[PDB]
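Take a look at the letters that make up each chain.
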Amino acid sequence: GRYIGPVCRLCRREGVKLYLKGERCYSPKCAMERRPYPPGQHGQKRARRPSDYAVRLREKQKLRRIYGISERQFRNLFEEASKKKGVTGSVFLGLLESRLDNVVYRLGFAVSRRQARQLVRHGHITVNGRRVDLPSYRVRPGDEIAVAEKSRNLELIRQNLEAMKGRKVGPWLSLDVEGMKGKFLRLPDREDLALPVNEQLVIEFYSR
Amino acid sequence: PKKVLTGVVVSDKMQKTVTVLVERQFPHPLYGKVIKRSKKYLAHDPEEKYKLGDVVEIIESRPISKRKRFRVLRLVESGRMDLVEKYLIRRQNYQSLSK
Amino acid sequence: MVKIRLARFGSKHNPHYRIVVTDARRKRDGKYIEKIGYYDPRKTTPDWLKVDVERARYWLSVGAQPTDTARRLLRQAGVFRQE
Amino acid sequence: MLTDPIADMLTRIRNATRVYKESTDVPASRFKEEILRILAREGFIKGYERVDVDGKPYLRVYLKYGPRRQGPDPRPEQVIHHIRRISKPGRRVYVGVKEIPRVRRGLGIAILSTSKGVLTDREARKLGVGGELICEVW
Amino acid sequence: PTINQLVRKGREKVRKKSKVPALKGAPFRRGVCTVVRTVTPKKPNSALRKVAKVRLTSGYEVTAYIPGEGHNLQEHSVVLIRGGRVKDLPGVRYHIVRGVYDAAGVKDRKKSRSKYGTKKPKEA
Amino acid sequence: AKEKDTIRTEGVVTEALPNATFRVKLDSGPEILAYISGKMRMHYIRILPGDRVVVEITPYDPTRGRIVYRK
RNA sequence: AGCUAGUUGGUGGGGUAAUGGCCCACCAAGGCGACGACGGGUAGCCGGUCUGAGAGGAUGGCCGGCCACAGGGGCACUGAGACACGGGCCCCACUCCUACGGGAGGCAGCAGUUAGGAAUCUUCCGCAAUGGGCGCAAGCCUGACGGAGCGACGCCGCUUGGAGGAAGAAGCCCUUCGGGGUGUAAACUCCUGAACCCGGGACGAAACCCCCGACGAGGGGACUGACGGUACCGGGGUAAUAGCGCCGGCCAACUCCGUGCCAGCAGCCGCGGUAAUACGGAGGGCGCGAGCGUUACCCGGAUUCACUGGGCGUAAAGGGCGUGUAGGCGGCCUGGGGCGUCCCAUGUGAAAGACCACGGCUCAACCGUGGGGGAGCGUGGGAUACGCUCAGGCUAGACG
Ligand SMILES: [Mg+2]
Ligand SMILES: [Mg+2]
Ligand SMILES: [Mg+2]
Ligand SMILES: [Mg+2]
Ligand SMILES: [Mg+2]
Ligand SMILES: [Mg+2]
Ligand SMILES: [Mg+2]
Ligand SMILES: [Mg+2]
Ligand SMILES: [Mg+2]
Ligand SMILES: [Mg+2]
Ligand SMILES: [Mg+2]
Ligand SMILES: [Mg+2]
Ligand SMILES: [Mg+2]
Ligand SMILES: [Mg+2]
Ligand SMILES: [Mg+2]
Ligand SMILES: [Mg+2]
Ligand SMILES: [Mg+2]
Ligand SMILES: [Mg+2]
Ligand SMILES: [Mg+2]
Ligand SMILES: [Mg+2]
Ligand SMILES: [Mg+2]
Ligand SMILES: [Mg+2]
Ligand SMILES: [Mg+2]
Ligand SMILES: [Mg+2]
Ligand SMILES: [Mg+2]
Ligand SMILES: [Mg+2]
Ligand SMILES: [Mg+2]
Ligand SMILES: [Mg+2]
Ligand SMILES: [Mg+2]
Ligand SMILES: [Mg+2]
Ligand SMILES: [Mg+2]
Ligand SMILES: [Mg+2]
Ligand SMILES: [Mg+2]
Ligand SMILES: [Mg+2]
Ligand SMILES: [Mg+2]
Ligand SMILES: [Mg+2]
Ligand SMILES: [Mg+2]
Ligand SMILES: [Mg+2]
Ligand SMILES: [Mg+2]
Ligand SMILES: [Mg+2]
Ligand SMILES: [Mg+2]
Ligand SMILES: [Mg+2]
Ligand SMILES: [Mg+2]
Ligand SMILES: [Mg+2]
Ligand SMILES: [Mg+2]
Ligand SMILES: [Mg+2]
Ligand SMILES: [Mg+2]
Ligand SMILES: [Mg+2]
Ligand SMILES: [Mg+2]
Ligand SMILES: [Mg+2]
Ligand SMILES: [Mg+2]
Ligand SMILES: [Mg+2]
Ligand SMILES: [Mg+2]
Ligand SMILES: [Mg+2]
Ligand SMILES: [Mg+2]
Ligand SMILES: [Mg+2]
Ligand SMILES: [Mg+2]
Ligand SMILES: [Mg+2]
Ligand SMILES: [Mg+2]
Ligand SMILES: [Mg+2]
Ligand SMILES: [Mg+2]
Ligand SMILES: [Mg+2]
Ligand SMILES: [Mg+2]
Ligand SMILES: [Mg+2]
Ligand SMILES: [Mg+2]
Ligand SMILES: [Mg+2]
Ligand SMILES: [Mg+2]
Ligand SMILES: [Mg+2]
Ligand SMILES: [Mg+2]
Ligand SMILES: [Mg+2]
Ligand SMILES: [Mg+2]
Ligand SMILES: [Mg+2]
Ligand SMILES: [Mg+2]
Ligand SMILES: [Mg+2]
Ligand SMILES: [Mg+2]
Ligand SMILES: [Mg+2]
Ligand SMILES: [Mg+2]
Ligand SMILES: [Mg+2]
Ligand SMILES: [Mg+2]
Ligand SMILES: [Zn+2]
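Residues numbered from 1 in each chain as written, not as in the entry; some residues may be left out. Chains lettered and ligands numbered in written order. Part of a larger assembly, values for the part shown. Heavy atoms only, no water.

## Remarks on the interface of chain E and chain F
Just so we agree on the cut-off: Contacts were defined at the residue level, with two residues in contact if any of their heavy atoms lie within 4.5 Å. Reported buried area values correspond to the accessible surface (1.4 Å probe) lost by two parts on association, with both partners' losses combined. Counted as salt bridges are all cases of a side-chain nitrogen of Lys or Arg within 4 Å of a carboxyl oxygen of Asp or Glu. In protein, a polar contact means a hydrogen-donor-capable atom and an acceptor-capable atom, both N or O and within 3.5 Å, with residues adjacent in sequence counting only if both atoms are side-chain atoms; elsewhere, any N or O pair within 3.5 Å suffices. The way it works is that DSSP assigns letters per residue, a run of H or I at least four long becomes a helix, a run of E at least two long becomes a strand, and they are numbered from the N terminus.
The partner chain F presents 10 residues to the 10 residues of chain E that form the contact. Between chain E and chain F, a total of about 940 Å² is buried, with carbon and sulfur atoms accounting for 50% of that surface. Applying the counting criterion to the chain E and chain F interface returns one salt bridge. Two residues, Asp61 of chain F and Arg37 of chain E, come together in a salt bridge whose shortest N-O distance is 2.4 Å. Taken together, the connections running from chain E to chain F amount to two residue pairs in polar contact. Broken down by element, the side of chain E that touches chain F gets its largest block of residues, three residues, from strand β1 (residues 29-39) of chain E.

Okay, structure coming up:
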């Protein structure tokens, strides 16, 4: 079971706007607006200079919380990238971007990460004609992420794709809006992702 | 292949038998210095041909007796007691270092 | 007696047999003489049976005996066909 | 008696190069000579030539050093920053071809004795032979 | 040392002695109290430290420290040993488990409850 | 929590054992080991081996006591 | 630190499938040890596993291979095969029957009991599948096996809702009394629909057998479920478990009160003797999450037994000195050999694991297929700088 609770209280702890709330992380209510300090009694107090370990610890947390994944999946996912040939940094990111629930949100299907997680969990996502209900499903390049024809008439689904009309999708992505389709064209590159995280810090966090 | 080794006769005192000493060179498994190890083989001399100090070849053989599984092949170098001298004195040094 | 049989290398509810040459006195999962094929009863892959018949035909010429299931799959691969 | 004439030679040069000697002399030996060839070939020494000192044959080894440097300690940067004997008497070192090392990530050399002759680490590696890993030089 | 020497005699691995002869190397070991005492500490600290002589299943009589604010361990009460030494008490090489046979957990413990062997209360 | 089973019985110092230790003989019953309270030692207060003192005793060990009242 | 009387060797004989002091006789006087004999302690061994940058340290559960034992010791018979777990003879200890004469036993087979122990399961279903014994077969046996049960023991996947929602309620906490915090967090709006209800409901199964063909090839035909109505598919459908450690530093998280060297915390350095970010609670915060902490143990940090990769003037460490034994080490030139060394070929390195690839359970753990690697050892062939060796030559070392 992942983290369930106040979400826009962790927009402040990281210090960077985290859109896990989906909407209301854009409207002037995120609590990142006019409240950028960390939560708690001592949030508004002056913050000391963080230790070297503090710097890397937060960078990992700033990244892990973005996707909505527990550390157990998060850690083992990282260990894979080190064994796999290539730069460990960008290899790990494309693996997170290849999660099914992330692809649902990435394709603009879902308002937030948590929404996409429940969308997949309730089996509403079709992958190559097969329903898949695992948010931790690794999407391959070329896979067809579609919407179940049973749920194509669900007013929440047509709600999000009505605002998707005219919205652009990831370069490694493409979706059919009227048919509620979508395809994972390629693994996104570092420059494909606009994540406000330094990968090397998180990697260095794991050298210990 | 039946294994074959080359050594020196160090005992003639037996009947139809002669003791043979065989050296081995091989690097150390951790310290890598080449180290010299030796092993005594009881060899069969059916005609009491070979004598003390002769350098002889030995071959894996059908067992003759308890502690005998090698037959003398042929003489390599005749009668070099300088190798015998080394053997006996190392044996004789053991008479000290007791009490 | 040298025998030609199957050894279960699958997992629970997912059998996978290694068609194998071993002495009948060994465990079915014991060490065998030669691996001569694999069998998938659930038919979950397009290629779910391979034999290498001309190798199997050798062990018969020296006296290996197949099981009635082993004989079934070898005949299926035409080890015995002679036309 | 001198024990390890190669190590003495390397140390002759190791001592020679630190007081910036123009040349130092080492007793002549065809193996020592075949070593100095690699050095002059590799640009670590200016070169060498045979010499008879009081009737005894030596090898005038002419060392080389970098440019005179800037303020305090203007003494030039060494050409041979490092020399270390490896396959010493009583602890002998032999390498196979795959067991050839990459000295200083390729910037250094490793002089090898092989049945095909005295070679550098690159030379024997492209030759595909191994042998006595004599010494690192860089 | 010389390579010839290292060949002749070689290194000697360093044998580590068990700081806890809770025998059989067991993670724990049960035993009966012999005394239940309060012992004064070493130089830097001053207090009354509740300990207990225990007769163990391994066949040992060793001292065990009684953690917590208050305890019910008696002369004949049975207990289980945890291990780990009390720094400021010499010779007390093992601890005592709260939440075991005749040893009850600390009452009204609300911060560290996995330690000290206390259950989870209810909020109405 | 600070259990309240402590006592404040009195006694007479008997021995001058090392490191602020005495053989304080309680007026009630027997003598205890009777180390000096920290408040007293911080305030020094030399205790002669024949003084009347007040002892803090925890029932978990009546063998031990703490000299609280200076003389 | 010395061991050895069938002990070492011989001839002959006995024995076995077969060599052998394996045993017997007789003869010789030998064999082993500092390259660790003998004695004591510990221990199944490996494939591997864990760790580690690696060299290495550790371990040998499960799984696979070999060895050994079957209450202990000894013995043989039958047999291709045993000196035989569920065969036999005897001695010993034990339990039981006993007409006191004498008998029967052997779970380290599957479950189950008791003991000890910190601790480790059901006296389950089933012969449907694979394997084995016997049989012409039909078929029979199989606690091998395949399944189920229990246990967060490990690994893994999954849930305890998503979105909207106050410059921001109650309650608690703090306060410079202005206010700050728990916080979009709750309420609540709206959407989805874990569990659960209903029907459908598997693969694992095809042969042995029968029939046509000559009991062959080949063709054709028939029975066959433990799991289990389970998995899966379709339909309905409810906002619907969160816990545990820490917050003095190493090490990420702070304030208030209580308590005053007390009660206690503590892996180490240390806190507390009236303002305690260390003790106890609260608020808040940090870390993980069906887990979270502790001890034991192994490795790491440890370069702190230093092969990689440490030292000995004063920090731990040059023997009080010499001679000299073994051993280790070896100047220049030439030549033969090619032992070390290097190279190629080749056999080997079982499977599993580990590594790359693809694929099968909706993903994963798990599993399948294919690929590649690997030291070491055997063999054949080649090279000769270096080390070794034999032969000669020298004079720089050594001696005279
Ligand atoms: Mg890799
Ligand atoms: Mg990488
Ligand atoms: Mg692309
Ligand atoms: Mg590391
Ligand atoms: Mg003789
Ligand atoms: Mg004989
Ligand atoms: Mg002697
Ligand atoms: Mg078997
Ligand atoms: Mg056929
Ligand atoms: Mg010692
Ligand atoms: Mg006799
Ligand atoms: Mg005979
Ligand atoms: Mg020897
Ligand atoms: Mg010897
Ligand atoms: Mg044992
Ligand atoms: Mg290390
Ligand atoms: Mg590793
Ligand atoms: Mg072991
Ligand atoms: Mg071992
Ligand atoms: Mg077992
Ligand atoms: Mg036995
Ligand atoms: Mg027995
Ligand atoms: Mg039979
Ligand atoms: Mg037996
Ligand atoms: Mg028996
Ligand atoms: Mg039997
Ligand atoms: Mg039995
Ligand atoms: Mg009886
Ligand atoms: Mg018990
Ligand atoms: Mg079980
Ligand atoms: Mg049954
Ligand atoms: Mg069956
Ligand atoms: Mg049946
Ligand atoms: Mg069967
Ligand atoms: Mg039959
Ligand atoms: Mg039966
Ligand atoms: Mg089973
Ligand atoms: Mg919400
Ligand atoms: Mg409503
Ligand atoms: Mg509804
Ligand atoms: Mg359901
Ligand atoms: Mg079926
Ligand atoms: Mg079927
Ligand atoms: Mg017919
Ligand atoms: Mg047919
Ligand atoms: Mg059925
Ligand atoms: Mg609710
Ligand atoms: Mg930490
Ligand atoms: Mg800190
Ligand atoms: Mg108190
Ligand atoms: Mg604490
Ligand atoms: Mg103080
Ligand atoms: Mg106060
Ligand atoms: Mg206070
Ligand atoms: Mg506090
Ligand atoms: Mg602390
Ligand atoms: Mg506290
Ligand atoms: Mg709290
Ligand atoms: Mg989990
Ligand atoms: Mg745990
Ligand atoms: Mg590390
Ligand atoms: Mg350690
Ligand atoms: Mg180490
Ligand atoms: Mg040390
Ligand atoms: Mg060293
Ligand atoms: Mg040191
Ligand atoms: Mg000293
Ligand atoms: Mg001296
Ligand atoms: Mg030489
Ligand atoms: Mg020599
Ligand atoms: Mg050779
Ligand atoms: Mg090979
Ligand atoms: Mg393998
Ligand atoms: Mg797949
Ligand atoms: Mg060869
Ligand atoms: Mg030649
Ligand atoms: Mg030559
Ligand atoms: Mg000469
Ligand atoms: Mg002369
Ligand atoms: Zn936000």
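Read on, since the account is not over.
## Brief notes about the domain arrangement of chain D
Residues and elements named next belong to chain D. We count it as follows: Here the bounds of each domain stem from an automatic or database domain assignment. Charged means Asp, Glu, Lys or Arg here, nonpolar means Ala, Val, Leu, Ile, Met, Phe, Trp, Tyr, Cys or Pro, and polar covers whatever is left, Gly included.
Domain assignment breaks chain D into domain 1 (3-80) and domain 2 (81-138). Look at where the C-alpha atoms of domain 1 and domain 2 centre, and you get two points 19 Å apart. With 19 residues of domain 1 at the interface, the matching set in domain 2 holds 17 residues. Buried area between domain 1 and domain 2, both sides added, is near 1500 Å², and the carbon and sulfur share of it is 69%. For the pair domain 1 and domain 2, the interface holds two salt bridges. Note that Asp4 and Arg85 form a salt bridge whose closest N and O atoms lie 2.5 Å from each other. Our enumeration of links across domain 1 and domain 2 arrives at eight residue pairs in polar contact. Looking at which element gives the most residues to the side of domain 1 that touches domain 2, the answer is helix α2 (residues 30-42), with seven residues. Residue classes in the side of domain 1 that touches domain 2 are distributed as 10 nonpolar, two polar and seven charged.

## With respect to the sheet that holds strand β2 (residues 45-53) of chain D
Strands belonging to one sheet form pairs held by backbone hydrogen bonds; the direction of such a pair is parallel or antiparallel. Residues and elements named next belong to chain D. Worth spelling out the cut-off: When DSSP finds at least two bridges between two strands, those strands are taken to pair. Where helices are involved, their axes are fitted lines through C-alpha atoms of the stretch in contact, as for all axes, and angles between N-to-C directions lie from 0 to 180°.
In space, the three strands of this open sheet follow the order β1-β3-β2, with antiparallel pairing throughout. Two strands close off the open sheet at either side, each with one partner strand: β1 (23-27) and β2. For this sheet the average axis-to-axis angle between neighbouring strands, irrespective of direction, equals 30°. Summarising the sheet, β1 and strand β3 (residues 56-63) pair through five bridges and their orientation is antiparallel. Within β3, the residue paired with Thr24 across the bridge is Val61. Strand contacts of helix α1 (residues 5-16): β1 and β3, with the helix running at about 165° to β1, the strand carrying the most contacts. Contacts between α2 and the sheet are confined to β1, β2 and β3, with β2 contributing the most and set at about 150° to the helix.

## Here's the deal with the protein's contact with RNA strand G
Counted only if it meets this: Working definition: residue near molecule or strand if any one of its non-hydrogen atoms lies within 4 Å of it.
Surrounding RNA strand G, one finds 207 residues, the nearest of these being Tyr37 and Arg114 of chain A, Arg75 of chain C together with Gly25 and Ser114 of chain E. Sugar and phosphate atoms form 81% of the subset of RNA strand G atoms that lie within 4 Å of the protein. Within the side chain of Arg140 of chain A, one N or O atom sits 3.2 Å away from a phosphate oxygen of RNA strand G. Between a phosphate oxygen of RNA strand G and a side-chain N or O atom of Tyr35 of chain F, the distance comes to 2.5 Å.

## Thoughts on the side chain of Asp88 of chain E
Here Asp88 of chain E lies in the loop between β4 (78-81) and β5 (94-95). Leave out the neighbours within four places in its chain, and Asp88 of chain E touches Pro41, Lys42, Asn45 and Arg49 of chain E.

## Section: the arrangement of the chains
The top pair by number of contacts, from a total of four pairs of chains in contact, is chains E and F. The two units chain A and chain C are non-contacting; their minimal C-alpha-C-alpha distance is 17 Å. Where chain C comes nearest to chain D, the C-alpha atoms are still 34 Å apart, and the two do not contact one another.

## Structural notes on the packing of aromatic side chains
Under the convention used in this document: Ring pairs shown here join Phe, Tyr and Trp side chains whose ring centres sit within 6.5 Å, with only the six-membered ring taken for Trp; geometry is labelled stacked below 30 degrees between planes, edge-to-face above 60, and tilted in between. Burial here depends on accessible area, computed with a 1.4 Å probe over protein chains only, as a share of the maximum for the residue type. Under 20% is buried, over 50% is exposed, and the range in between is partly exposed. By the criterion adopted, a ring carries a charge over it if an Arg CZ or a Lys NZ lies within 6 Å of its centre and within 35 degrees of its normal.
For the coordinates displayed, the defined rule picks out 11 aromatic pairs over all chains. With a centroid separation of 5.8 Å and 25° between ring planes, the pair formed by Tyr53 of chain A and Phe205 of chain A is classed as stacked. Within this pair, whereas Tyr53 of chain A is found in helix α2 (residues 52-67), its partner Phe205 of chain A is found in helix α8 (residues 199-207), the two being separated by 152 residues in sequence. Classification of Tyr53 of chain A by relative accessible area gives partly exposed; the value is 46%. Judged by relative accessible area, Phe205 of chain A falls into the buried class, the value being 15%. By the ring-pair criterion, three or more aromatic residues cluster together here, those being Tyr53, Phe74, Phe78, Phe92, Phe205 and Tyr206 of chain A. In this structure, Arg104 of chain D is placed above the aromatic ring of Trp138 of chain D, and the distance from its NZ or CZ to the ring centre is 3.9 Å.

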